[PDB]
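Taking the form deposited without its partner chain, here's one chain by itself in structure tokens.
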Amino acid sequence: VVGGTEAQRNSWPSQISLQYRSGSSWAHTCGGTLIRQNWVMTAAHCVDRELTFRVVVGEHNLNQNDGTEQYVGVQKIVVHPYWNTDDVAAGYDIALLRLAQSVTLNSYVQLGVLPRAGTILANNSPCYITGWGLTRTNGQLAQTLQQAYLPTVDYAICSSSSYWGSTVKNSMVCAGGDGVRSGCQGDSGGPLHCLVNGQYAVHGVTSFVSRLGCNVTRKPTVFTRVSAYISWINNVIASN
């Protein structure tokens, strides 16, 4: 997250860190949203690589013991069947990870609330992106979980020529584009939390930013629209 602030430890308890095994260690690669005690919602693109993945819930600082982390293997990966790694603009950038164990819920570990199917946010709706992604274009991952206030940019604006044009689909949520604040690499798969009727819900799964850079004016961060996938999600969970 570019232009973020450090999240309070218990603000976003459904945020997870999706990590891959690298040597004798683990590296954060993506965010995710805990949606059941044994299921994480993330971006399909986060799991195109044939890596060993684990999920960390209750994580705050990737570089320090927080005393709240639970580490769990990824047991099964269910990528949306229409995902095509060579065409992120087509959408379907969503995947569910069944965790090898059910995590224990507490103030640091909670299920993300998802919007009802079909819900579309009015333009300029208040949301925060959260994640450990780069803090600058071509920068480095955050140590501490970051949040940035990224108001939505509706489809009509987002899919306009000076924004994302045809690249953005109605199955996506755009947010931000102010040139200051944005998602950035390593935020992928994580939530966009939007305040609706007093409650934050995870409306987006971070999907992409401009190849030119993270915080590029009129290139808001683009998220998979969670409310486009509620049936899919429920179908997956019910069949697994």
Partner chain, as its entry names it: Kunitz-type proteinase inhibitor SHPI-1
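Numbering follows the first chain given and starts at 1.
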Stretch with higher mean Cα temperature factor, 95 to 103 vs 80 to 88, is 80 to 88
Stretch with the greater mean C-alpha B-factor as recorded in the entry, comparing 111 to 119 against 129 to 137: 111 to 119
Going by the deposited entry, which of 15, 19, 221, 10 has the highest CA temperature factor? 10
From 58, 186, 32, 213, residue of greatest CA B-factor: 213
Give the position of residue 156 by CA B-factor within its chain, expressed as the lowest, middle or highest third. highest
Could you place residue 168 in the lowest, middle or highest third of its chain by Cα temperature factor, using the values in the record? middle
When the deposited Cα B-factors of this chain's modelled residues are ordered and cut into thirds, is residue 144 in the lowest, the middle or the highest one? middle
Hey, what third does residue 238 fall into on Cα B-factor, ranked over its chain? highest
Based on the deposited C-alpha B factors for this chain, I'd like to know if residue 36 is in the lowest, middle or highest third. middle
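Not pictured, yet referred to below: the form solved in complex with its partner chain.
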Just to be sure I understand the contacts: of 167, 119, 144, 110, which is the one whose heavy atoms reach within 4.5 angstroms of its partner chain in the bound PDB entry? 167
38, 68, 185, 61: which sits within 4.5 Å of its partner chain in the bound PDB entry by any heavy atom? 185
Considering only heavy atoms, tell me if residue 30 and its partner chain come within 4.5 Å of each other in the bound PDB entry. yes
Using a 4.5 angstroms cut-off on non-hydrogen atoms, would residue 89 count as touching its partner chain in the bound PDB entry? yes
Is residue 45 close enough to its partner chain in the bound PDB entry to count, meaning some heavy atom within 4.5 Å? yes
Does its partner chain come within 4.5 Å of any heavy atom of residue 85 in the bound PDB entry? yes
Which residues, if any, of 197 to 221 lie within 4.5 Å of its partner chain in the bound PDB entry when only heavy atoms count? 206, 207, 208, 209, 211, 214, 221
